[PDB]
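Novice: Input query_9.cif, format and content: mmCIF, N, CA and C atoms.
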data_work
loop_
_atom_site.group_PDB
_atom_site.id
_atom_site.type_symbol
_atom_site.label_atom_id
_atom_site.label_comp_id
_atom_site.auth_asym_id
_atom_site.auth_seq_id
_atom_site.Cartn_x
_atom_site.Cartn_y
_atom_site.Cartn_z
ATOM 1 N N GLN T 1285 288.516 8.850 -239.988
ATOM 2 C CA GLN T 1285 288.213 9.836 -238.946
ATOM 3 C C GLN T 1285 288.605 11.282 -239.282
ATOM 4 N N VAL T 1286 287.881 12.234 -238.696
ATOM 5 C CA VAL T 1286 288.179 13.660 -238.834
ATOM 6 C C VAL T 1286 289.361 14.092 -237.962
ATOM 7 N N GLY T 1287 290.106 15.096 -238.424
ATOM 8 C CA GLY T 1287 291.226 15.638 -237.670
ATOM 9 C C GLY T 1287 290.870 16.405 -236.403
ATOM 10 N N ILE T 1288 291.460 15.989 -235.285
ATOM 11 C CA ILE T 1288 291.237 16.605 -233.975
ATOM 12 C C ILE T 1288 291.747 18.043 -233.911
ATOM 13 N N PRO T 1289 290.943 18.960 -233.345
ATOM 14 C CA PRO T 1289 291.422 20.339 -233.194
ATOM 15 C C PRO T 1289 292.633 20.401 -232.275
ATOM 16 N N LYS T 1290 293.601 21.245 -232.604
ATOM 17 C CA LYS T 1290 294.844 21.258 -231.847
ATOM 18 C C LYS T 1290 294.626 21.796 -230.451
ATOM 19 N N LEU T 1291 293.728 22.764 -230.352
ATOM 20 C CA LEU T 1291 293.408 23.381 -229.080
ATOM 21 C C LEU T 1291 292.670 22.404 -228.165
ATOM 22 N N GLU T 1292 292.004 21.425 -228.767
ATOM 23 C CA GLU T 1292 291.218 20.439 -228.026
ATOM 24 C C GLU T 1292 292.055 19.527 -227.109
ATOM 25 N N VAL T 1293 293.305 19.267 -227.480
ATOM 26 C CA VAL T 1293 294.168 18.362 -226.713
ATOM 27 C C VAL T 1293 295.397 19.075 -226.146
ATOM 28 N N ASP T 1294 296.135 18.397 -225.269
ATOM 29 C CA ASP T 1294 297.227 19.036 -224.524
ATOM 30 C C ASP T 1294 298.627 18.929 -225.153
ATOM 31 N N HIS T 1295 298.707 18.457 -226.390
ATOM 32 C CA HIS T 1295 299.979 18.421 -227.116
ATOM 33 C C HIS T 1295 300.376 19.796 -227.636
ATOM 34 N N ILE T 1296 301.677 20.024 -227.802
ATOM 35 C CA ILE T 1296 302.162 21.231 -228.478
ATOM 36 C C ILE T 1296 302.525 20.936 -229.925
ATOM 37 N N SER T 1297 301.986 21.727 -230.846
ATOM 38 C CA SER T 1297 302.261 21.557 -232.269
ATOM 39 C C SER T 1297 303.008 22.757 -232.815
ATOM 40 N N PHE T 1298 304.244 22.539 -233.233
ATOM 41 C CA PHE T 1298 305.081 23.647 -233.645
ATOM 42 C C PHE T 1298 305.068 23.914 -235.129
ATOM 43 N N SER T 1299 304.155 23.267 -235.838
ATOM 44 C CA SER T 1299 303.904 23.652 -237.212
ATOM 45 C C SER T 1299 302.417 23.827 -237.430
ATOM 46 N N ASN T 1300 302.046 24.982 -237.964
ATOM 47 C CA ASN T 1300 300.642 25.329 -238.127
ATOM 48 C C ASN T 1300 300.427 26.182 -239.359
ATOM 49 N N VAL T 1301 299.220 26.130 -239.911
ATOM 50 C CA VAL T 1301 298.846 27.040 -240.986
ATOM 51 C C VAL T 1301 298.341 28.367 -240.429
ATOM 52 N N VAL T 1302 298.906 29.447 -240.936
ATOM 53 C CA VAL T 1302 298.605 30.778 -240.455
ATOM 54 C C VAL T 1302 298.149 31.619 -241.637
ATOM 55 N N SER T 1303 296.899 32.055 -241.575
ATOM 56 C CA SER T 1303 296.362 32.948 -242.578
ATOM 57 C C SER T 1303 296.983 34.328 -242.440
ATOM 58 N N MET T 1304 297.264 34.962 -243.574
ATOM 59 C CA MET T 1304 297.967 36.234 -243.590
ATOM 60 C C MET T 1304 297.773 37.002 -244.888
ATOM 61 N N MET T 1305 297.781 38.325 -244.776
ATOM 62 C CA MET T 1305 297.677 39.202 -245.932
ATOM 63 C C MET T 1305 298.971 39.194 -246.725
ATOM 64 N N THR T 1306 298.865 39.259 -248.050
ATOM 65 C CA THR T 1306 300.040 39.159 -248.908
ATOM 66 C C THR T 1306 300.924 40.384 -248.834
ATOM 67 N N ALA T 1307 300.335 41.508 -248.454
ATOM 68 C CA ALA T 1307 301.087 42.752 -248.370
ATOM 69 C C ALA T 1307 300.384 43.698 -247.412
ATOM 70 N N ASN T 1308 301.060 44.780 -247.051
ATOM 71 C CA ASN T 1308 300.576 45.645 -245.995
ATOM 72 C C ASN T 1308 299.215 46.238 -246.345
ATOM 73 N N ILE T 1309 298.284 46.143 -245.403
ATOM 74 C CA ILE T 1309 296.922 46.649 -245.584
ATOM 75 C C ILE T 1309 296.870 48.180 -245.588
ATOM 76 N N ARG T 1310 297.845 48.806 -244.936
ATOM 77 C CA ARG T 1310 297.918 50.264 -244.873
ATOM 78 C C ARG T 1310 298.565 50.837 -246.137
ATOM 79 N N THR T 1311 297.756 50.971 -247.179
ATOM 80 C CA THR T 1311 298.232 51.387 -248.490
ATOM 81 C C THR T 1311 298.398 52.905 -248.568
ATOM 82 N N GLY T 1312 297.888 53.608 -247.564
ATOM 83 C CA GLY T 1312 298.002 55.055 -247.524
ATOM 84 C C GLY T 1312 296.923 55.791 -248.296
ATOM 85 N N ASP T 1313 295.976 55.054 -248.870
ATOM 86 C CA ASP T 1313 294.840 55.686 -249.530
ATOM 87 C C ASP T 1313 293.696 55.922 -248.541
ATOM 88 N N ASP T 1314 293.947 56.750 -247.531
ATOM 89 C CA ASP T 1314 292.943 57.003 -246.502
ATOM 90 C C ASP T 1314 291.718 57.754 -247.033
ATOM 91 N N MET T 1315 290.549 57.363 -246.530
ATOM 92 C CA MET T 1315 289.263 57.925 -246.939
ATOM 93 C C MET T 1315 289.153 59.406 -246.609
ATOM 94 N N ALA T 1316 288.583 60.170 -247.531
ATOM 95 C CA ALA T 1316 288.441 61.604 -247.349
ATOM 96 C C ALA T 1316 287.091 62.026 -247.880
ATOM 97 N N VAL T 1317 286.467 62.991 -247.220
ATOM 98 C CA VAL T 1317 285.104 63.345 -247.573
ATOM 99 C C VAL T 1317 284.908 64.827 -247.782
ATOM 100 N N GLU T 1318 283.961 65.135 -248.659
ATOM 101 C CA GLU T 1318 283.496 66.484 -248.884
ATOM 102 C C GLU T 1318 282.323 66.699 -247.944
ATOM 103 N N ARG T 1319 282.589 67.248 -246.767
ATOM 104 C CA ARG T 1319 281.513 67.772 -245.931
ATOM 105 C C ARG T 1319 280.996 69.060 -246.536
ATOM 106 N N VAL T 1320 279.688 69.249 -246.482
ATOM 107 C CA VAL T 1320 279.092 70.466 -246.995
ATOM 108 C C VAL T 1320 277.972 70.914 -246.066
ATOM 109 N N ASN T 1321 278.224 72.062 -245.439
ATOM 110 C CA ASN T 1321 277.434 72.604 -244.342
ATOM 111 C C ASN T 1321 276.095 73.142 -244.792
ATOM 112 N N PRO T 1322 275.132 73.215 -243.863
ATOM 113 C CA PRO T 1322 273.817 73.786 -244.167
ATOM 114 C C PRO T 1322 273.952 75.240 -244.597
ATOM 115 N N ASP T 1323 273.136 75.662 -245.555
ATOM 116 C CA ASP T 1323 273.225 77.021 -246.073
ATOM 117 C C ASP T 1323 272.736 78.062 -245.057
ATOM 118 N N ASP T 1324 271.708 77.708 -244.287
ATOM 119 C CA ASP T 1324 271.079 78.632 -243.338
ATOM 120 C C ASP T 1324 270.715 77.910 -242.053
ATOM 121 N N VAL T 1325 271.225 78.400 -240.926
ATOM 122 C CA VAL T 1325 271.033 77.715 -239.648
ATOM 123 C C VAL T 1325 269.575 77.694 -239.216
ATOM 124 N N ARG T 1326 268.857 78.760 -239.539
ATOM 125 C CA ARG T 1326 267.458 78.883 -239.150
ATOM 126 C C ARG T 1326 266.554 77.934 -239.921
ATOM 127 N N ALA T 1327 266.994 77.547 -241.111
ATOM 128 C CA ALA T 1327 266.186 76.712 -241.981
ATOM 129 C C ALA T 1327 266.258 75.238 -241.602
ATOM 130 N N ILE T 1328 267.243 74.878 -240.779
ATOM 131 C CA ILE T 1328 267.509 73.475 -240.440
ATOM 132 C C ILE T 1328 266.300 72.827 -239.774
ATOM 133 N N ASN T 1329 266.003 71.584 -240.141
ATOM 134 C CA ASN T 1329 264.870 70.891 -239.535
ATOM 135 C C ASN T 1329 265.258 69.922 -238.425
ATOM 136 N N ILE T 1330 265.241 70.410 -237.192
ATOM 137 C CA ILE T 1330 265.551 69.600 -236.020
ATOM 138 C C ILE T 1330 264.501 68.506 -235.842
ATOM 139 N N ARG T 1331 263.287 68.827 -236.261
ATOM 140 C CA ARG T 1331 262.087 68.076 -235.927
ATOM 141 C C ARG T 1331 262.138 66.661 -236.465
ATOM 142 N N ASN T 1332 261.164 65.852 -236.044
ATOM 143 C CA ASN T 1332 260.927 64.524 -236.607
ATOM 144 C C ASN T 1332 262.126 63.609 -236.441
ATOM 145 N N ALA T 1333 262.326 63.146 -235.210
ATOM 146 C CA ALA T 1333 263.466 62.303 -234.877
ATOM 147 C C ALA T 1333 264.771 63.002 -235.240
ATOM 148 N N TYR E 199 266.418 107.425 -284.272
ATOM 149 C CA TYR E 199 266.626 106.270 -285.119
ATOM 150 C C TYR E 199 267.783 105.464 -284.576
ATOM 151 N N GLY E 200 267.627 104.145 -284.595
ATOM 152 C CA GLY E 200 268.641 103.244 -284.074
ATOM 153 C C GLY E 200 268.522 102.924 -282.596
ATOM 154 N N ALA E 201 267.505 103.472 -281.941
ATOM 155 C CA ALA E 201 267.202 103.073 -280.579
ATOM 156 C C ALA E 201 266.845 101.595 -280.645
ATOM 157 N N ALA E 202 267.647 100.776 -279.982
ATOM 158 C CA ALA E 202 267.524 99.338 -280.123
ATOM 159 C C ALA E 202 266.424 98.829 -279.233
ATOM 160 N N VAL E 203 266.407 99.312 -277.994
ATOM 161 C CA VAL E 203 265.349 98.902 -277.077
ATOM 162 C C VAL E 203 264.968 100.012 -276.097
ATOM 163 N N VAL E 204 263.675 100.118 -275.812
ATOM 164 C CA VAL E 204 263.179 101.137 -274.897
ATOM 165 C C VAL E 204 262.386 100.505 -273.761
ATOM 166 N N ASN E 205 262.955 100.624 -272.564
ATOM 167 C CA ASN E 205 262.404 100.092 -271.325
ATOM 168 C C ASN E 205 261.704 101.164 -270.523
ATOM 169 N N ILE E 206 260.877 100.734 -269.576
ATOM 170 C CA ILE E 206 260.304 101.639 -268.592
ATOM 171 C C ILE E 206 260.851 101.320 -267.205
ATOM 172 N N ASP E 207 261.838 102.100 -266.791
ATOM 173 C CA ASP E 207 262.497 101.915 -265.512
ATOM 174 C C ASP E 207 261.901 102.826 -264.426
ATOM 175 N N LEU E 208 262.125 102.487 -263.162
ATOM 176 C CA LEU E 208 261.884 103.442 -262.088
ATOM 177 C C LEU E 208 262.827 104.606 -262.286
ATOM 178 N N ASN E 209 262.334 105.819 -262.073
ATOM 179 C CA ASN E 209 263.144 107.011 -262.314
ATOM 180 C C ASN E 209 264.251 107.205 -261.280
ATOM 181 N N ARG E 210 265.500 107.118 -261.728
ATOM 182 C CA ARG E 210 266.640 107.275 -260.828
ATOM 183 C C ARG E 210 266.696 108.675 -260.245
ATOM 184 N N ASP E 211 266.262 109.658 -261.028
ATOM 185 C CA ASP E 211 266.308 111.047 -260.593
ATOM 186 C C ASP E 211 265.401 111.252 -259.390
ATOM 187 N N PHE E 212 264.316 110.485 -259.319
ATOM 188 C CA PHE E 212 263.436 110.558 -258.158
ATOM 189 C C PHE E 212 263.863 109.621 -257.036
ATOM 190 N N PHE E 213 264.124 108.368 -257.384
ATOM 191 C CA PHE E 213 264.660 107.414 -256.426
ATOM 192 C C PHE E 213 266.180 107.517 -256.410
ATOM 193 N N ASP E 214 266.654 108.632 -255.862
ATOM 194 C CA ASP E 214 268.069 108.982 -255.845
ATOM 195 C C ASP E 214 268.869 108.100 -254.900
ATOM 196 N N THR E 215 270.191 108.229 -254.953
ATOM 197 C CA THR E 215 271.072 107.533 -254.020
ATOM 198 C C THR E 215 270.804 108.012 -252.597
ATOM 199 N N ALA E 216 270.239 109.210 -252.483
ATOM 200 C CA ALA E 216 269.813 109.749 -251.198
ATOM 201 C C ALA E 216 268.679 108.930 -250.586
ATOM 202 N N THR E 217 267.961 108.180 -251.422
ATOM 203 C CA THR E 217 266.934 107.244 -250.957
ATOM 204 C C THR E 217 267.559 105.935 -250.485
ATOM 205 N N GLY E 218 268.820 105.727 -250.845
ATOM 206 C CA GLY E 218 269.518 104.493 -250.538
ATOM 207 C C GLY E 218 269.373 103.467 -251.649
ATOM 208 N N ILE E 219 268.484 103.753 -252.593
ATOM 209 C CA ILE E 219 268.201 102.857 -253.712
ATOM 210 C C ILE E 219 269.309 102.873 -254.759
ATOM 211 N N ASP E 220 269.529 101.726 -255.397
ATOM 212 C CA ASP E 220 270.426 101.613 -256.542
ATOM 213 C C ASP E 220 269.668 100.891 -257.645
ATOM 214 N N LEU E 221 269.431 101.574 -258.757
ATOM 215 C CA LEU E 221 268.565 101.026 -259.798
ATOM 216 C C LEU E 221 269.289 100.511 -261.038
ATOM 217 N N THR E 222 270.611 100.442 -260.978
ATOM 218 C CA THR E 222 271.407 100.110 -262.155
ATOM 219 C C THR E 222 271.105 98.711 -262.675
ATOM 220 N N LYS E 223 270.629 97.847 -261.786
ATOM 221 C CA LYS E 223 270.302 96.469 -262.142
ATOM 222 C C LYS E 223 268.874 96.283 -262.686
ATOM 223 N N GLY E 224 268.105 97.362 -262.740
ATOM 224 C CA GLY E 224 266.725 97.278 -263.175
ATOM 225 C C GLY E 224 265.728 96.953 -262.076
ATOM 226 N N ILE E 225 266.213 96.803 -260.849
ATOM 227 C CA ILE E 225 265.328 96.680 -259.696
ATOM 228 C C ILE E 225 265.855 97.564 -258.595
ATOM 229 N N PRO E 226 264.963 98.035 -257.703
ATOM 230 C CA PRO E 226 265.451 98.745 -256.521
ATOM 231 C C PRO E 226 266.246 97.778 -255.659
ATOM 232 N N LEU E 227 267.292 98.264 -255.012
ATOM 233 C CA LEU E 227 268.128 97.418 -254.184
ATOM 234 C C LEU E 227 268.711 98.273 -253.078
ATOM 235 N N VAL E 228 268.367 97.962 -251.833
ATOM 236 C CA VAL E 228 268.864 98.737 -250.708
ATOM 237 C C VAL E 228 269.693 97.875 -249.775
ATOM 238 N N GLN E 229 270.967 98.224 -249.638
ATOM 239 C CA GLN E 229 271.863 97.477 -248.767
ATOM 240 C C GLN E 229 271.574 97.671 -247.279
ATOM 241 N N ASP E 230 271.694 96.585 -246.521
ATOM 242 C CA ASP E 230 271.613 96.605 -245.056
ATOM 243 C C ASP E 230 270.306 97.146 -244.465
ATOM 244 N N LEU E 231 269.169 96.761 -245.043
ATOM 245 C CA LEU E 231 267.867 97.050 -244.433
ATOM 246 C C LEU E 231 267.291 95.747 -243.868
ATOM 247 N N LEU E 232 266.411 95.097 -244.617
ATOM 248 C CA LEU E 232 266.087 93.710 -244.329
ATOM 249 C C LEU E 232 267.309 92.911 -244.715
ATOM 250 N N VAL E 233 267.620 91.891 -243.931
ATOM 251 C CA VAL E 233 268.807 91.093 -244.170
ATOM 252 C C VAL E 233 268.714 89.841 -243.319
ATOM 253 N N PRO E 234 268.849 88.670 -243.959
ATOM 254 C CA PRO E 234 268.812 87.370 -243.288
ATOM 255 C C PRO E 234 269.951 87.207 -242.299
ATOM 256 N N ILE E 235 269.686 86.519 -241.199
ATOM 257 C CA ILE E 235 270.748 86.099 -240.309
ATOM 258 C C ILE E 235 271.026 84.634 -240.608
ATOM 259 N N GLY E 236 272.193 84.151 -240.201
ATOM 260 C CA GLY E 236 272.466 82.732 -240.236
ATOM 261 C C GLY E 236 272.819 82.191 -241.598
ATOM 262 N N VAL E 237 273.348 83.052 -242.462
ATOM 263 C CA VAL E 237 273.631 82.664 -243.841
ATOM 264 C C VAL E 237 275.017 83.108 -244.287
ATOM 265 N N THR E 238 275.532 82.451 -245.321
ATOM 266 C CA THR E 238 276.851 82.759 -245.861
ATOM 267 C C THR E 238 276.870 84.153 -246.453
ATOM 268 N N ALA E 239 278.042 84.776 -246.471
ATOM 269 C CA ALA E 239 278.163 86.123 -247.010
ATOM 270 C C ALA E 239 277.792 86.120 -248.486
ATOM 271 N N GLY E 240 277.061 87.145 -248.907
ATOM 272 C CA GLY E 240 276.548 87.221 -250.263
ATOM 273 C C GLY E 240 275.187 86.573 -250.440
ATOM 274 N N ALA E 241 274.672 85.952 -249.383
ATOM 275 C CA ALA E 241 273.296 85.470 -249.366
ATOM 276 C C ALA E 241 272.320 86.591 -249.000
ATOM 277 N N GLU E 242 272.867 87.708 -248.534
ATOM 278 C CA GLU E 242 272.079 88.891 -248.198
ATOM 279 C C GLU E 242 271.510 89.615 -249.421
ATOM 280 N N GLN E 243 272.089 89.362 -250.593
ATOM 281 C CA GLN E 243 271.835 90.172 -251.787
ATOM 282 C C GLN E 243 270.395 90.222 -252.303
ATOM 283 N N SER E 244 269.695 89.095 -252.291
ATOM 284 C CA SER E 244 268.334 89.065 -252.813
ATOM 285 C C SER E 244 267.383 89.895 -251.947
ATOM 286 N N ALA E 245 267.672 89.959 -250.650
ATOM 287 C CA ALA E 245 266.837 90.711 -249.714
ATOM 288 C C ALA E 245 266.920 92.200 -250.006
ATOM 289 N N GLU E 246 267.998 92.601 -250.674
ATOM 290 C CA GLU E 246 268.183 93.995 -251.041
ATOM 291 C C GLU E 246 267.050 94.439 -251.950
ATOM 292 N N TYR E 247 266.490 93.499 -252.706
ATOM 293 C CA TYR E 247 265.363 93.795 -253.591
ATOM 294 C C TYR E 247 264.111 94.134 -252.812
#
Re-express the file's structure as structure tokens.
Specialist:
Amino acid sequence: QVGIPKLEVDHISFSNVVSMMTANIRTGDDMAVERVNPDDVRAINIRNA
Amino acid sequence: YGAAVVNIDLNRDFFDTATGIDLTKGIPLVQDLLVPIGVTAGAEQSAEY
């Protein structure tokens, strides 16, 4: 037979497998971007969606 | 003798600074006449021609 899901029944199980990251996900290498503005405001194409 | 190159320029003596023209670059150039709006500083320069 297959193993019954723990949540499926009313017993309490005090040992469980818990998935976890090996080390902190916040490595401090936050994403940064080169925004580069339009050269001329009048030239901008608002049109077409 | 030894004249390396001979060009035909617009005459500075006629198109004086009193005309607003500056011919040192080989083209007439007048500051603050026609001039684009909505552009970064120094984008005005070509319009001087």
Novice: Could you expand the PyMOL selection byres ((chain E) within 6.5 of (chain T)) into the explicit residues it covers here, written as JSON, numbers by chain?
Specialist: {"E": [235, 236, 237, 238]}
Novice: Take the residues that were just selected and, keeping N, CA and C atoms, output them as a PDB file, in the frame of the given file.
Specialist:
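So result09.pdb came out as:
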ATOM      1  N   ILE E 235     269.686  86.519-241.199  1.00  0.00           N
ATOM      2  CA  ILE E 235     270.748  86.099-240.309  1.00  0.00           C
ATOM      3  C   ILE E 235     271.026  84.634-240.608  1.00  0.00           C
ATOM      4  N   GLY E 236     272.193  84.151-240.201  1.00  0.00           N
ATOM      5  CA  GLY E 236     272.466  82.732-240.236  1.00  0.00           C
ATOM      6  C   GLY E 236     272.819  82.191-241.598  1.00  0.00           C
ATOM      7  N   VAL E 237     273.348  83.052-242.462  1.00  0.00           N
ATOM      8  CA  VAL E 237     273.631  82.664-243.841  1.00  0.00           C
ATOM      9  C   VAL E 237     275.017  83.108-244.287  1.00  0.00           C
ATOM     10  N   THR E 238     275.532  82.451-245.321  1.00  0.00           N
ATOM     11  CA  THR E 238     276.851  82.759-245.861  1.00  0.00           C
ATOM     12  C   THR E 238     276.870  84.153-246.453  1.00  0.00           C
TER      13      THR E 238
END
Novice: To one decimal place in Å, what is the distance between CA of residue 1318 in chain T and atom C of residue 243 in chain E?
Specialist: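 Going from CA of residue 1318 in chain T over to atom C of residue 243 in chain E, I get 27.3 Å.
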Novice: Please expand the PyMOL selection byres (((chain E and resi 207-215 and name CA) around 12) and name CA) into the concrete residues it hits in this file, giving the result as a list in words.
Specialist: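 Expected selection for the PyMOL selection byres (((chain E and resi 207-215 and name CA) around 12) and name CA) here is residues 204, 205, 206, 216, 217, 218, 219, 220, 221, 222, 223, 224, 225, 226, 227, 228 and 229 of chain E.
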Novice: Could those residues be written to a file, using N, CA and C atoms, as a PDB file, keeping the file's coordinate frame?
Specialist:
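Okay, result-v9.pdb is ready:
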ATOM      1  N   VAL E 204     263.675 100.118-275.812  1.00  0.00           N
ATOM      2  CA  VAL E 204     263.179 101.137-274.897  1.00  0.00           C
ATOM      3  C   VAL E 204     262.386 100.505-273.761  1.00  0.00           C
ATOM      4  N   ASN E 205     262.955 100.624-272.564  1.00  0.00           N
ATOM      5  CA  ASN E 205     262.404 100.092-271.325  1.00  0.00           C
ATOM      6  C   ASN E 205     261.704 101.164-270.523  1.00  0.00           C
ATOM      7  N   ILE E 206     260.877 100.734-269.576  1.00  0.00           N
ATOM      8  CA  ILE E 206     260.304 101.639-268.592  1.00  0.00           C
ATOM      9  C   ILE E 206     260.851 101.320-267.205  1.00  0.00           C
ATOM     10  N   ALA E 216     270.239 109.210-252.483  1.00  0.00           N
ATOM     11  CA  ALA E 216     269.813 109.749-251.198  1.00  0.00           C
ATOM     12  C   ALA E 216     268.679 108.930-250.586  1.00  0.00           C
ATOM     13  N   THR E 217     267.961 108.180-251.422  1.00  0.00           N
ATOM     14  CA  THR E 217     266.934 107.244-250.957  1.00  0.00           C
ATOM     15  C   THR E 217     267.559 105.935-250.485  1.00  0.00           C
ATOM     16  N   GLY E 218     268.820 105.727-250.845  1.00  0.00           N
ATOM     17  CA  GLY E 218     269.518 104.493-250.538  1.00  0.00           C
ATOM     18  C   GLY E 218     269.373 103.467-251.649  1.00  0.00           C
ATOM     19  N   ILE E 219     268.484 103.753-252.593  1.00  0.00           N
ATOM     20  CA  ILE E 219     268.201 102.857-253.712  1.00  0.00           C
ATOM     21  C   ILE E 219     269.309 102.873-254.759  1.00  0.00           C
ATOM     22  N   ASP E 220     269.529 101.726-255.397  1.00  0.00           N
ATOM     23  CA  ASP E 220     270.426 101.613-256.542  1.00  0.00           C
ATOM     24  C   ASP E 220     269.668 100.891-257.645  1.00  0.00           C
ATOM     25  N   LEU E 221     269.431 101.574-258.757  1.00  0.00           N
ATOM     26  CA  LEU E 221     268.565 101.026-259.798  1.00  0.00           C
ATOM     27  C   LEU E 221     269.289 100.511-261.038  1.00  0.00           C
ATOM     28  N   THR E 222     270.611 100.442-260.978  1.00  0.00           N
ATOM     29  CA  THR E 222     271.407 100.110-262.155  1.00  0.00           C
ATOM     30  C   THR E 222     271.105  98.711-262.675  1.00  0.00           C
ATOM     31  N   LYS E 223     270.629  97.847-261.786  1.00  0.00           N
ATOM     32  CA  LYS E 223     270.302  96.469-262.142  1.00  0.00           C
ATOM     33  C   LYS E 223     268.874  96.283-262.686  1.00  0.00           C
ATOM     34  N   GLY E 224     268.105  97.362-262.740  1.00  0.00           N
ATOM     35  CA  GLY E 224     266.725  97.278-263.175  1.00  0.00           C
ATOM     36  C   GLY E 224     265.728  96.953-262.076  1.00  0.00           C
ATOM     37  N   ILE E 225     266.213  96.803-260.849  1.00  0.00           N
ATOM     38  CA  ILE E 225     265.328  96.680-259.696  1.00  0.00           C
ATOM     39  C   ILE E 225     265.855  97.564-258.595  1.00  0.00           C
ATOM     40  N   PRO E 226     264.963  98.035-257.703  1.00  0.00           N
ATOM     41  CA  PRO E 226     265.451  98.745-256.521  1.00  0.00           C
ATOM     42  C   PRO E 226     266.246  97.778-255.659  1.00  0.00           C
ATOM     43  N   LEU E 227     267.292  98.264-255.012  1.00  0.00           N
ATOM     44  CA  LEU E 227     268.128  97.418-254.184  1.00  0.00           C
ATOM     45  C   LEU E 227     268.711  98.273-253.078  1.00  0.00           C
ATOM     46  N   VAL E 228     268.367  97.962-251.833  1.00  0.00           N
ATOM     47  CA  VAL E 228     268.864  98.737-250.708  1.00  0.00           C
ATOM     48  C   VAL E 228     269.693  97.875-249.775  1.00  0.00           C
ATOM     49  N   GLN E 229     270.967  98.224-249.638  1.00  0.00           N
ATOM     50  CA  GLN E 229     271.863  97.477-248.767  1.00  0.00           C
ATOM     51  C   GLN E 229     271.574  97.671-247.279  1.00  0.00           C
TER      52      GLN E 229
END
Novice: What does the structure give for the distance between atom N of residue 1331 in chain T and atom N of residue 1319 in chain T, in Å to one decimal?
Specialist: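 According to the coordinates, atom N of residue 1331 in chain T and atom N of residue 1319 in chain T are separated by 22.0 Å.
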